[PDB]
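The structure appears right after this line, and notes come after that.
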Amino acid sequence: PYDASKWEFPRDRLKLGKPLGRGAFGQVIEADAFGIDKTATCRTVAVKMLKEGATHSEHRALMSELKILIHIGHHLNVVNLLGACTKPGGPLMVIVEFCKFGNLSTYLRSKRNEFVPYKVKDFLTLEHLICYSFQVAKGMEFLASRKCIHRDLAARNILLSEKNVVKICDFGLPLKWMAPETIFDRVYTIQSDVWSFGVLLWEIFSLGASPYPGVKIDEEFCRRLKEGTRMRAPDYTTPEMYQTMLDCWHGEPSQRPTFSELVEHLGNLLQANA
Ligand SMILES: O=C(Nc1cccc(C(F)(F)F)c1)c1ccccc1NCc1ccncc1
């Protein structure tokens, strides 16, 4: 059940602004929420709202997401729920903390000319890339502990906040990030998200490059994946990091590492890079 006293926010205390994403359900927009932090301050927030012409299935989907977000709770590497507009008088709105710097893929592409493996300014290092990977693994380990499956784990869903802090989100087909059991059997598990994490590692260590470059996405691509074909090492990877991708891309879901194993593994690589 939904706790109104804890999550209900007044529509009049919200000032909608610049759009961030657009889907068939509605849109993600940037807004200013006045006194959302049990105070009288102004906070910039991200709002997911339904269009005027909305399906009952669309309303159920946004309500489910609100319930999933209430269930998740707070974690530093997961977008935090601040409120909701569920009461009649306007459209259904889901309010989360805003991430100013956008998605990691777009950010890393803008920093290709600003990369050095290590410092002996506004530059990325190997430590940064391992840190982002580590933070995503931590947030995914938390989602697994709350018995949640992401369904769309990709760099476009990894947002960057202040102090190099990355947060897992969901703006919502994405065959490049999909595990073989998800394509061929439609099985969605936490182990199929491990496969997606491997693709996300490739995105991080290629500095925002698109997975499977120049490869046609169809039936042949799918048959090659099932046959054991894998992506070659990206341009900015370490040998250990590429092996971690290959472990995530194991054909058998049970033979892939868990997010808890990846947290420990990436945590040690961060130490070893120093
Ligand atoms: O991400 C949202 N919901 C969500 C749903 C399911 C799972 C998870 C997860 F990933 F956290 F488990 C998160 C979300 C909700 C409301 C508005 C924007 C949203 N995202 C885009 C955004 C853009 C800029 N700044 C912050 C966020």
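The residues of the chain are indexed from 1 along the displayed sequence. The figures that follow rest on heavy atoms only: side chains count, while hydrogens, waters and symmetry mates do not. Indexing begins at 1, ligand by ligand and atom by atom, following the structure's order.
- Using a 3.5 Å distance cut-off with no hydrogens or angles, the side chains of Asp193 and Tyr188 do not pair a donor with an acceptor.
- Within the 6.0 Å centre-distance limit, the rings of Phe197 and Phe259 are counted as a close aromatic pair.
- Because its NZ or CZ atom is both nearer than 6.0 Å to the ring centre of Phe184 and within 45° of the ring axis, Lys226 counts as a cation-pi partner of that residue.
- Taking the side chain to side chain donor-acceptor pair (under 3.5 Å) definition, one finds that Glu65 meets it with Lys48, sequence neighbours left out.
- When each of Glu141, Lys167, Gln135 is checked for a side chain to side chain donor-acceptor pair (under 3.5 Å) with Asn77, only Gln135 meets the rule.
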Between ligand 1 and the protein, which N/O pairs fall short of 3.5 Å?
unit_1, atom_1, unit_2, atom_2, d
ligand 1, 1 (O), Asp170, N, 2.8
ligand 1, 1 (O), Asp170, O, 3.1
ligand 1, 3 (N), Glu65, OE2, 2.9
ligand 1, 25 (N), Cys99, N, 3.2

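- Between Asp37 and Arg43 there is a salt bridge, since at least one side-chain N of the basic residue sits less than 4.0 Å from a carboxylate O of the acidic one.
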